[PDB]
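For the record, the sequence lines run as chains A, B, C, D, E and F. Numbering-wise, the numbering used here puts 120 at position 54 of the first sequence, and it's gapless, one number per residue. Numbering-wise, the numbering used here puts 375 at position 49 of the second sequence, and it's gapless, one number per residue. Numbering-wise, the numbering used here puts 195 at position 27 of the third sequence, and it's gapless, one number per residue. Numbering-wise, the numbering used here puts 59 at position 31 of the fourth sequence, and it's gapless, one number per residue. Numbering-wise, the numbering used here puts 886 at position 165 of the fifth sequence, and it's gapless, one number per residue. Numbering-wise, the numbering used here puts 846 at position 403 of the sixth sequence, and it's gapless, one number per residue.
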Amino acid sequence: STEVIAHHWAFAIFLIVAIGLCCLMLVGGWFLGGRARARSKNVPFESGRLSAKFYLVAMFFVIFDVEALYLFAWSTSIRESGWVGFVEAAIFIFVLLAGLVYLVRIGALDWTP
Amino acid sequence: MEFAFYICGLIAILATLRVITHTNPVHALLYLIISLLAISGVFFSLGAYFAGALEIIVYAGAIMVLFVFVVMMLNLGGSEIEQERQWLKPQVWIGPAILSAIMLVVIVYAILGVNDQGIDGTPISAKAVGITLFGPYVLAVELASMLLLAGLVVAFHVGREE
Amino acid sequence: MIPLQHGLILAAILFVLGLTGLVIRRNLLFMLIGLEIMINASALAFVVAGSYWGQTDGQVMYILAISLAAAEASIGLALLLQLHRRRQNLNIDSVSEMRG
Amino acid sequence: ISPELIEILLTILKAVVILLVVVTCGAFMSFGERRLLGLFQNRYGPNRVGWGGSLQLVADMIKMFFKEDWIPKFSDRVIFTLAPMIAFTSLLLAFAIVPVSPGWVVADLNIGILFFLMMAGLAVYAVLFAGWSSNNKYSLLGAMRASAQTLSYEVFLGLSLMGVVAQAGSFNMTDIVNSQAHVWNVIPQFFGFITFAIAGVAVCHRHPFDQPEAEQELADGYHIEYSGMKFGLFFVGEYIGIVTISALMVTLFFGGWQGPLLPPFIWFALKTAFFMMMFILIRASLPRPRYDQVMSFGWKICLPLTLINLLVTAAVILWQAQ
Amino acid sequence: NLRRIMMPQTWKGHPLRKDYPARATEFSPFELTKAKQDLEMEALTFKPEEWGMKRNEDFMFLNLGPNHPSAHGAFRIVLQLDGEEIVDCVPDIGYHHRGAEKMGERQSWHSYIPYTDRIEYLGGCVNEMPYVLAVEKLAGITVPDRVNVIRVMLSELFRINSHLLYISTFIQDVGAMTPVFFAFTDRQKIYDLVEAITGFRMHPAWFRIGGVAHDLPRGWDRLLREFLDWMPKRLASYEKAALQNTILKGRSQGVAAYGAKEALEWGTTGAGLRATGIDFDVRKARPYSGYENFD
Amino acid sequence: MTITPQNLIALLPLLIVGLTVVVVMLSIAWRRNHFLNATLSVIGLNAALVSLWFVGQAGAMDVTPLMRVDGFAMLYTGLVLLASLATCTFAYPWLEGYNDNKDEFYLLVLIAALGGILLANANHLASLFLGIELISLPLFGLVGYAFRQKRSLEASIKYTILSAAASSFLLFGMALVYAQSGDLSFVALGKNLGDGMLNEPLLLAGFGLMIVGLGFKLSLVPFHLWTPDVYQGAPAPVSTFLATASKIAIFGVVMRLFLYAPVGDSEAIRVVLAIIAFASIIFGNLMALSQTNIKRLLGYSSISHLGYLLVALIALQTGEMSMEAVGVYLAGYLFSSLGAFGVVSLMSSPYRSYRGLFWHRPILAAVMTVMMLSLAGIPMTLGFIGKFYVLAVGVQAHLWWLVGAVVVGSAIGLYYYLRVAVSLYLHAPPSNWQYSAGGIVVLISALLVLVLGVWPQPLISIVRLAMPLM
Ligand SMILES: CCCCCCCCCCCCCCCCCC(=O)OC[C@H](COP(=O)(O)OCCN)OC(=O)CCCCCCCCCCCCCCCCC
Ligand SMILES: CCCCCCCCCCCCCCCCCCCC
């Protein structure tokens, strides 16, 4: 139809104009303004190994986000799946909450020493 | 439909080729981010809306965030990677390359001798995937949650500081 | 009007490129990257096989594939983190003590 | 001359007009940040650059254009140039699916809010790239803390969204805004309201979750090496993200453009601007929590709340549908 | 470790010896050549073995300062981090050394009062008070009671100013940014009264040996009454808006706690000692300047 | 398809192990108690074992587009459950010396046993894939359980990378066979072809990629090199568990896939699997000639006996007693591998020389040597009945090359097995009820081996009872 291809072309125009606007603003920022030189200009700002709990938090996010995508797929068809799908999602939610309770009770999510 | 699919496939193959032949972990990670965006563009061209949307949600949004997180953990500044560059010596890579080349030849010979009337590109909405997911595939859903649980507990038990 | 064969070939170059990424690379991080290339290639092949027949089975097995991808990526990266923590290197040819 | 090409050109013009209005109100929201903090702190704010300070934003734009743009030699060039681009364009494209008025929408996608979610993923990529590219251990640890925070809130952002998804029964924005034609979604999805508000505040690098202002004394902000127009790109992206999350919130929980008497765009503008003022109030009022407290509230509280909200929403929806 | 605490290790001599030149004019003008800047930046570089850190291959080393985006001076802290836990730290001070004692050997008894003003720049007359009290002890001067009440009034005004600033900066450090604006408006009211009485805002230098510089202006009671009816509702609003906030309590309660023994053995005074239940205040234990005439 | 109460009682073992996983997890989260978690582990496995008796009373039923339960499923589920129970019983005294957290081991054992039950009941490509991955994930969990150890960590890395690669191989073949056929049901693989064009190139290529994945999974040549490294690096209960339950479950699902598929009787697939069987028997017997370590030797033995198993597989479309032969030989395999690896486990416990074992542990030496003879095909043992069954199956279908392979490989096996057996009795220079429970488990394994080698009729009748859906 005409309306759908019009919306598709509008979305593509939005994409390319946003990309071009951000790149053009960066190009204008880099092109204009004079430049300086100094000794400590290229040294970093220090005003003159870290723990793996970051990995644990990110991997926790990965697993719970995959279970979240399962919930995302379920949520758009709650009515048509009937009560049986609600029950199956209820064992899903129960397993998820049991896992989260396990992670809480063992200090996996407890960042502090 | 054809243009987006072919463009995304071309930049996809180029991107992963740049991933496997790069020395900087962050540069290769960015290249495979671009490649996963291309695979999702291929998915949207084919009409699999949920599949490409999910590829950018978690495949290009969660797993490789953990990849960049681990690169941030290690601070791989090129120690024992780029000081020799042994994977770019032809006596190392030529053999496995011709192995994968003859494998690709066999695989595309098997592919090219099958029936095909094309893909009409009719969209398959997320509600149909949700209906089938909690319909005849319920054991797959629950036991895949069990699989994610197993990966979670093993990754906790192994990846500890102590 | 896109042929199923073309998507199957595209997944095939992605899969064999992941195969080279596993084989020729000595950094285990790049090897896990190549494993992700193969798993994403298989997911793409299953998506295009589902979209050819117009069924959701390809999308469901794609979701199963990416759940496996998340699980085994976490698995390999935990193993990599422990190896780098206790060994101070990521060369896998160094991790070859067992032999016979 | 053909009516189909006329309609296509009109739709393209509408999309361009919407995009220009969004970026100009993002810059005007930087100006409104300054003015509204002045109003809320018993002062006036900038009111001498033009009438009422309305020409101040032109002066900041001129200054950050003509300031020297400098990429450090030790820093990696491509990631340094790339991270503000993502921090801008991700929340811009997250706006791109909002229906402002009937007949005024850029893309009536069948996914929508999912595309908002993957732009949030691109935002966490932007902050990660900005932190790693600086080649500075202070910015390294600061951006790792920020990225872990936004992961810990983006985990339940979608699950807070899922209550409105369940009530609407689809993913499209038009169906969401038409399911609120009788009752606004803020009343049934009140737990979704608070959880999505907290997740939007945390994912947009806003107080009380903004890392570069969380610990200025350790000098560990990941913006510390960014200057020139990259710095302005970062703040324009953050303020555009404020506008984006406000418009998402209006079109999701507050009925969008639906209103009794006023034209629909007027109601949409009023509700969005009310949530922007709510952003000002929570920035100027709420103190910043500690990092482990943020972790505990993100995981042990908000995520089970979203799960119970989705379960109760499903039970109510299936119980009401006999 | 007997290392220099106020000056860099690359320093010659000891300033408080009587033969040392006090003035920088006696020294050469401060040349900062390229080599001088390189060795001065090299001297500030922290290496763990000299300071006693004694570094496991996992302890992150962190540097805060010497520049300090806050009102309380400029200084450096070196941090040893087991992950996110501070295992050991030693403060680096001497970045604000003004040589006040050797300066006191240089100025006379009368002219030293502006230098006692800037010892702690949040006290003003509170800092001027012990110096003039000790000088009057030396000279055998017994001040009249009106002088005592005026000095008590100015000390209490500057104490309220310093406490308002401390509460504002602590609240801003927690994360609430509006009470700094309100408390600085209150500081402006206090500064109005102090400017009217003495003639300057932060450093009045208004105390004198045996008394005060001038008599009180006509109308100081009006400004004092205005500030006294302005204060308590603002203090109550301060408490109910930020101090009773649960996020601030979670940030602050139970953080860096110590008992009476740890405060006594480390010389802690003020509210740091009085928070342990030890009722030791100078104004009640050893009464001075007629502080016993106040309830 | 919807799930009926009869279907609910058909899913009894999977539901029971899932509930037991949840219960064990919550007991871990309450208080970290090693003995309580082990007790709930064995109690849940025994409850699943009794649930198989209830399922046998219930009957056989196709329950899902995915799953199917018949006597095949109950038999293999019982084999896997017995293997996991023995793994827990052997793992407790080994875990008695582990300073790190002990309670995750049983959770991983139940998750992998749940995956094995899934694989035993699997009648779908999705079910096969998910059961394989549910087997694989806590196997890397348990192989690298003692990550402080050098050998366990390198074995964990090896198994992780190789199983991920084979998983992608299998899933790519899965996608190819779906692209050719159009349905993931087991019965519709090649059903869309007839009149002589059954051998479609894309169907054959996708099937061959699945064959590559499963040949990794059952330690088949040339995907056999991972077996001794992973077996030696892993702890002894993990070696037992991987040797028994994983091999039994994936071989049962390979039986079901090659029995139900109309393309399972393809000529080219038959020749390829015959070549794989020949090479696996010959190689996995030839590697173990000069091994001084028990674990790598048992790994090569596992490769050889999986070659014997696939020899029994290759005549499933011509012969009729191939399934009975496979069931009997898997019972003998189960009892043999728990015997050998259990003696290894009680020698290696607690966590911290087979020659001259008889002068300090006489009964352990005795159970080890009878089970060593049992792996050889020596009479008065169940292994001899296994070789008798597989040789009868190979004879009745004119697989003469594979018969000669079995004979030669059995001779080499005789060499190294009785080498270890005589090494036991030479001359060389506890006090808890759980150690006695592990010894009791290995002793009833020995007595079962001896009795079923003397009178194998009850086992033959039991396996003949468990027929699948025709
Ligand atoms: C467009 C959408 C957005 C629009 C704008 C409006 C919404 C803004 C939302 C802002 C969200 C800020 C979230 C901050 C959460 C902080 C949680 C936390 O970590 O609190 C820690 C604190 C103490 O924790 P504890 O463990 O007890 O510490 C013991 C140590 N001594 O624990 C506590 O203090 C306990 C209480 C924690 C917070 C409870 C929930 C507060 C929600 C935000 C305020 C909403 C107010 C109304 C907004 C307008 C509504 C129309
Ligand atoms: C923060 C708000 C950002 C809004 C961006 C989009 C603005 C679109 C403006 C459209 C104006 C016309 C709307 C349709 C007609 C109804 C209203 C008529 C009177 C204005």
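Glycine residues also receive a C-beta, built at the ideal position from the N, C-alpha and C atoms.
Contact annotation: in the region 774-792 of chain E, residues whose CB is within less than 7 Å of a CB in chain A are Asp779, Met781, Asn784, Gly786, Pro787 and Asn788.
Between the region 852-872 of chain E and the region 930-942 of chain E there are three or more C-beta pairs closer than 8 Å, enough to call the two in contact. Within the region 240-271 of chain D, those residues whose Cβ lies closer than 9 Å to any Cβ of chain E are, in chain order, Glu241, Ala242, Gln244, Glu245, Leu246, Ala247 and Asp248. Within the region 799-847 of chain F, the complete alpha helix (DSSP H) segments of 4 residues or longer fall at 805-818 and 825-839, listed in chain order. Considering only D:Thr178, D:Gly265 and D:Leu189, the residue with the shortest C-alpha distance to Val229 of chain D is D:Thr178. In this structure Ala764 of chain E is exposed. Its beta-carbon is surrounded by fewer than 16 other beta-carbon atoms within 10 angstroms. Interface with chain D (9 Å Cβ-Cβ cutoff): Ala124 of chain A is included. By the rule that beta-carbons nearer than 9 Å mark a contact, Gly971 of chain E touches chain D.
For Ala275 of chain D, the shortest separation between its Cβ and any heavy atom of ligand 2 lies below 8 Å. For a Cβ distance threshold of 7 Å, residue set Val434 and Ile437 of chain B lies close to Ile177 of chain C, ordered along the chain. Distance from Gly1011 of chain E to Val870 of chain E at the Cβ level is roughly 7 Å; contact confirmed, criterion being Cβ atoms closer than 8 Å.
With its beta carbon less than 9 Å from one in chain F, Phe214 of chain C belongs to the interface. For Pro812 of chain E, the enclosing beta strand (DSSP E) starts and ends at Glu806 to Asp813.
A straight line joining the alpha-carbon of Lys739 of chain E with that of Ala821 of chain E spans about 15 Å.
In the structure shown, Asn566 of chain F falls within a coil segment according to DSSP collapsed to helix, strand and coil. Short of 7 Å from the beta carbon of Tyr220 of chain C, and not among the five residues preceding or following it, lie these beta carbons of its own chain, in chain order: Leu172. Within chain A, the C-beta atoms nearer than 8 Å to that of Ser471 of chain B come from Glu133, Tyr136, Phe158, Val161 and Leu162, in chain order. For the region 794-809 of chain E, the set of positions with a beta-carbon nearer than 9 Å to some beta-carbon of chain A reads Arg797, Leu802, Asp803, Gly804, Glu805 and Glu806 in chain order. Proximity of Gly148 of chain A to chain D, defined by a Cβ-Cβ separation below 9 Å, is satisfied. Only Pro449, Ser451, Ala452 and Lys453 from the region 436-464 of chain B bring a Cβ to less than 8 Å from some Cβ of chain D. Only exposed fits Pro953 of chain E, as fewer than 16 other CB atoms lie within 10 angstroms of its CB.
Below the 9 Å Cβ cutoff, chain B contributes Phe395, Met398 and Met399 as neighbours of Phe120 of chain A, in chain order. A direct Cα-Cα distance of roughly 32 Å separates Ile888 of chain E from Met728 of chain E. The DSSP-derived three-state label of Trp898 of chain F is coil. Judged by the Cβ position, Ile215 of chain D fails to qualify as a neighbour of ligand 1 at the 8 Å threshold, every heavy atom of the ligand being at least this far. A straight line joining the alpha-carbon of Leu573 of chain F with that of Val397 of chain B spans about 30 Å. In this structure, the CA atom of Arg939 of chain E is about 48 Å from the CA atom of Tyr979 of chain E. Following the DSSP letters along the chain, one finds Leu945 of chain E inside the alpha helix (DSSP H) bounded by residues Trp941 to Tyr959. Apart from the 5 residues on each side of it in sequence, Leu613 of chain F sits with its Cβ closer than 6 Å to the Cβ of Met653 and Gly656 in its chain, given in chain order. At least one C-beta of chain D is nearer than 9 Å to the C-beta of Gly99 of chain A. Taken through DSSP and simplified to helix, strand or coil, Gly932 of chain E comes out as strand. Under the Cβ distance rule, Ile79 of chain A counts among the residues neighbouring chain D, one pair being separated by less than 9 Å. Among the residues facing chain F, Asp225 of chain C is included, as its CB has a counterpart in that chain under 9 Å away. For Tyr751 of chain F, not one C-beta of chain C is nearer than 9 Å to its own C-beta. Burial check for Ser733 of chain F: the Cβ neighbour count within 10 Å stays below 16, so the residue is exposed.
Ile329 of chain D is positioned such that its CB atom lies no closer than 9 Å to that of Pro236 of chain D.
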